[PDB]
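Start at 1 with the first residue, then count along the sequence. For the numbers below, each heavy atom of this structure counts, side chains included, while hydrogens, waters and symmetry mates do not.
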Amino acid sequence: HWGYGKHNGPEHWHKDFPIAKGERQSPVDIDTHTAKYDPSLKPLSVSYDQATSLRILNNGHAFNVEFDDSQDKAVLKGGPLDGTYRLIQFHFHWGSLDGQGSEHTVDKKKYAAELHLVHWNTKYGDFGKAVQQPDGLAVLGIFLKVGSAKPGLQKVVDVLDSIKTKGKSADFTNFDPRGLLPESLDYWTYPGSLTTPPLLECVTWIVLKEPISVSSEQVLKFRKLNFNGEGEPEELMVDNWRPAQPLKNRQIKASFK
Ligand SMILES: NS(=O)(=O)c1ccc(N2CCCCS2(=O)=O)cc1
Ligand SMILES: [Hg+2]
Ligand SMILES: [Zn+2]
């Protein structure tokens, strides 16, 4: 099955998921000089004060911090979005080295990691139905660079010992996603896709201009995770990012002048 290795990685995905070569695939390079400021964009609203985290899961390609999405408790609205999108989970993509790891690039620059806060359009009733829709999802993407520690990340870092291998999960209640956000909500936005199989073209991407900083030791613990299940040969969970895909005649919009 699909992975990030030489034999099952991004170059292979198209054979099982033909949409890999579609018209609105993600991630993309954000060419900052080609991006246009959009005055019709409303202010971005991130409402995570009532957020209810439940669990953290190693799914064999990254780890998901899952939330209770049965009521409007953590929501994303405004910006390019019509209606309300509920937070279901967040996860990261990272590299084997600090000079790579992000999925989106900015003027071809790769960051050490990228955080994805995944949201589904409430008019569609659940996540499964939302991913059948062109505007089913909204993913808020945040770049990670190496520098000072992110205090709001440490609770995540510390539990990774407990979910080392594929299929392992751990209780992860009372985690506050607000501690993962940068100061500014300035962003780029474009229509795109899931960056992993099934690569469904359902996402409004909202990628924040301001990266967060994480410490070397925080990122190092990400790299100690395993792609494999327990009792199988160890394959370090690193370089779980898809490279930039063709923009194809889509326009990236900026929230800022
Ligand atoms: N990387 S991404 O586009 O934000 C992304 C968001 C959600 C998902 N998933 C959809 C398939 C089932 C659960 S999931 O987390 O793996 C995969 C990728
Ligand atoms: Hg879709
Ligand atoms: Zn992702």
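Summarising the local packing, CD of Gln251 is surrounded by 12 or fewer heavy atoms from other residues, nucleotides or ligands at distances under 6.0 Å. By the neighbour-count criterion of 12 heavy atoms within 6.0 Å, atom CG of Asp186 is densely surrounded, having more than that number from other residues, nucleotides or ligands. With a 6.0 Å radius and a threshold of 12 heavy atoms from other residues, nucleotides or ligands, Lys150 has its NZ atom above the threshold. The environment of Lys248 atom NZ is dense: over 12 non-hydrogen atoms of other residues, nucleotides or ligands sit within 6.0 angstrom.
Note: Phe63 and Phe92 meet the aromatic proximity criterion, with ring centroids under 6.0 Å apart. Between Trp94 and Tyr111, a ring centre-to-centre spacing not shorter than 6.0 Å is recorded.
Residues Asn226 and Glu234 bring a donor and an acceptor atom of their side chains to less than 3.5 Å of each other. Side-chain N/O atoms of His116 and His93 include a donor and acceptor closer than 3.5 Å.
Contact of the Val203 side chain with the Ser26 side chain is not registered, since no non-hydrogen atoms from C-beta on lie closer than 4.5 Å.
The aromatic rings of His61 and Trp2 lie tilted to each other, with the angle between the two planes from 30° to 60°. Using bins of under 30°, 30° to 60° and over 60° for the plane-to-plane angle, the ring pair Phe175/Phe90 lands in the tilted bin.
Considering only residues two or more places apart in sequence or on other chains, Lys168 meets the side-chain contact (heavy atoms from CB on, under 4.5 Å) condition with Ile163, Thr165, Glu230.
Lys221 contributes no side-chain N or O that, together with a main-chain N or O of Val159, makes up a donor-acceptor pair within less than 3.5 Å. With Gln132 contributing its side chain and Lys129 its backbone, the two residues share no donor-acceptor pair below 3.5 Å.
Under the side chain to side chain contact (heavy atoms under 4.5 Å, CB included) test applied with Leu76, the options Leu44, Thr84, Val139 reduce to a single match, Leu44. Each of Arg24, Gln25, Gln133 was scored for a side chain to side chain donor-acceptor pair (under 3.5 Å) with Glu201, with one residue passing: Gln25. The side chain to side chain contact (heavy atoms under 4.5 Å, CB included) test with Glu66 singles out one residue from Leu57, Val118, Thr52, and that residue is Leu57.
Of the charged side-chain nitrogens involved, none lies within less than 4.0 Å of a carboxylate oxygen, so that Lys109 and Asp107 do not count as a salt-bridged pair. Taking a cutoff of 4.0 Å between a charged side-chain nitrogen and a carboxylate oxygen, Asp82 and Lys123 do not qualify as a salt bridge. The pair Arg55-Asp171 does not count as a salt bridge, with every side-chain nitrogen at least 4.0 angstrom from each carboxylate oxygen.
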